[PDB]
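Results of the structural survey
What follows is the residue order along each chain.
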Amino acid sequence: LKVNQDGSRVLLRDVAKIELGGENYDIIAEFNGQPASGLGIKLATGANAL
Amino acid sequence: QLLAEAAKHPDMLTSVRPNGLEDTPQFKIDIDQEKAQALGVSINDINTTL
């Protein structure tokens, strides 16, 4: 991010916690108390469900 | 590996081959940001020039 006047290095891990996480934590899912996920699938007009 | 194991069954297969290109040499330019900042160079200007 910058080099201080004292010749030091200001990395990103020194001012921020970096990790992998969902783009949004709004939605969560559980299957019988068990952590899970899934897809909700709809139909396009005119198609057959089967 | 699959092409190798396929050349071992010439009684059923032949002329087996890929339909693509094989890897070629590539020139990698590793930039260092410490010096680019020390000398006061904008990585944006660097890559735009390049």
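The deposited coordinates, according to the entry record, derive from cryo-EM at 3.20 Å resolution.

As a further point, take the overall build of chain B. Check the secondary structure of chain B and you find three helices and zero strands. Along chain B, from the amino end to the carboxyl end, the secondary structure elements read α-α-α. Compactness check: chain B gives a C-alpha radius of gyration of 23 Å against a globular reference of 10 Å for 50 residues, more than 25% above the reference. Counting only C-alpha atoms and orienting by the principal axes, one finds that chain B spans roughly 65 × 20 × 15 Å. Every one of the 50 residues in chain B was classed for burial, and the buried ones make up 4%. Surface summary for chain B: the accessible area is close to 5300 Å², and the carbon and sulfur share equals 54%.

This part takes up the overall build of chain A. Looking only at helices and strands, one finds zero helices and four strands in chain A. When the helices and strands of chain A are read in sequence order from the N terminus, they spell out β-β-β-β. By its C-alpha atoms, chain A is 70 × 35 × 15 Å across when sized along the principal axes. Here chain A, with 50 residues, has 2% of them falling under the buried criterion. Only carbon and sulfur atoms are counted for the fraction: they give 53% of the accessible area of chain A, which is about 5500 Å². The centroid of the 5 positive side-chain charges in chain A is displaced by 7 Å from the centroid of its 6 negative side-chain charges.

If the charged atoms of two oppositely charged side chains come close together, the side chains can form a pair. Tallied over the entire structure, the rule returns two salt bridges over all chains. Between A:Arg9 and B:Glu34 there is a salt bridge; the shortest N-O distance is 3.5 Å. Of the two residues, A:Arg9 sits in strand β2 (residues 9-10) while B:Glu34 sits in helix α2 (residues 33-38), which places them in two different chains. Note that B:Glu5 is salt-bridged to B:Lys8, the shortest N-O span being 3.3 Å. Residue B:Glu5 is classed as partly exposed on the basis of its relative accessible area, which comes to 44%.

The next subject is the environment of A:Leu1. Residue and element names in this part refer to chain A. Position of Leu1 among the secondary structure elements: in the segment before β1 (2-3). Sequence separation of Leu1 and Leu43 is 42 residues, and the distance between their C-alpha atoms is 48 Å. Aside from chain neighbours lying at most four places away, what touches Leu1 is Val10, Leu11, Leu12 and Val15.

Rules of the game
Residues numbered from 1 in each chain as written, not as in the entry; some residues may be left out. Chains lettered and ligands numbered in written order. Part of a larger assembly, values for the part shown. Heavy atoms only, no water. Helix = DSSP H or I, 4+ residues; strand = E, 2+ residues; numbered from the N terminus. Rg over C-alpha atoms; globule rule 2.2 N^0.38 Å. Buried < 20%, exposed > 50% of the residue type's maximum accessible area, 1.4 Å probe, protein only. Areas by Shrake-Rupley, 256 points an atom, 1.4 Å probe, with all protein chains shown as cover. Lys, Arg positive; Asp, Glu negative; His and termini not counted. Charge placed at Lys NZ, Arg CZ, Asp CG, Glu CD. Salt bridge = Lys/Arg side-chain N within 4 Å of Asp/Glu carboxyl O. Contact = heavy atoms within 4.5 Å.

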